[PDB]
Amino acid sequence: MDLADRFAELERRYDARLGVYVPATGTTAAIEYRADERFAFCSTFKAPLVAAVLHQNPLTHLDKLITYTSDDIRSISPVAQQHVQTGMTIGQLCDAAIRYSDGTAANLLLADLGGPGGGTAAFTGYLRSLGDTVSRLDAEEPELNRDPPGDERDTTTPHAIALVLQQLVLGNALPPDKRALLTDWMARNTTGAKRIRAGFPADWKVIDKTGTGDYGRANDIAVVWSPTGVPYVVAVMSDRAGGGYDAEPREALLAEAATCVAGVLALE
C-alpha cells in the first residue's frame, strides 16, 4: 500500500486522470503521481498571472482604473459583472481573478501584461523567466478551458506549476510586499473550500487557486503551512475525458488526493 496505489484507486473510483505534486523538502521526499503529464491550467494560471503583473510594476499601478463594457464579459465574471459600469483597478482585478476566478478580470490583466493579442505570450514569458520551460498559455477566457484532451496548448504539469508557485509564495521571485498581496489574495480565495482545503486539518494554513474546465477538469494549487509554520506546496490536477466535453468535474477527487497528501505530511 504505497501512495501511488491509493491515488490509482481514486482514478478508478472517480473515472478520472489524477496528477499530484508536492515538492521535496529538507525532511520529506517529493510526492509525485503523473507529475510530468500535462493537464490544462484552467484558472490556476491566474495566480502566476497576478505575480507577473505585480513583479513588472510598482505597487501604485494597482491603483490604475481599467474601464470595460459588457462585450468584454465573455466568460464567468462574478466581480467584473458587479463593476461593469464603473470599472475596476488593477488591484481589484488581481483580487477578482484570484478570489472569484473572474474570467474578464484575468483577460484584462493579460492585456495589461502584454497588450491586446500579446497577453498569453507575455504570461508564458513570465513562466520562462522563472525557469519553467514546460507550461504554456495560448488562449484567453473562456477558450483556454476548452482545448481537447492531449492538446498541449494551455497546459502545465503538476510538477511545473507546483515549482512556479513555490518560487512565488515561498522563494524570492517577488519582493516581500508584493509577495504578501499574492499570498493574502490566495488565502482569502472563495472557490477552494471543497478541494485542497477540505483535505488539511483546520489548524493548517491554506492558500489556493482553483481551476475548472471542459472534459471534467478540476484543478487546485495550494501552499500550506503546518501548525508550527512548516511550508509545503500541493498541486492537484484532474480530468474526466471519458464523459466528453460536458463531463462533470468531481471536487471530492481533489479533496481526497489532498487528504492523502496531508496524512503523509502531518504524521511524524
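Position 1 is the first residue in the sequence shown; the rest follow in order.
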Pick between 24-32 and 46-54: the one whose mean CA B-factor in the entry is higher. 24-32
Ranked by mean Cα B-factor in the entry, 163-171 and 114-122, top stretch is 114-122
Which is it among 40, 241, 222, 218: the one with the largest CA B-factor in the entry? 241
Of the choices 237, 65, 206, 234, which one's C-alpha carries the largest B-factor in the record? 65
Divide the modelled residues of the chain into thirds by Cα B-factor and specify which third, lowest, middle or highest, holds residue 17. lowest
For residue 179, does the deposited CA B-factor place it in the lowest, middle or highest third of the chain? middle
Going by what the PDB entry lists, where does residue 149 fall on CA B-factor within its chain: lowest, middle or highest third? middle
Using the B-factor values recorded in the entry, state whether the Cα atom of residue 82 falls in the lowest, middle or highest third among the modelled residues of its chain. highest
Residue 75: CA temperature factor from the record, placed by chain third, in the highest
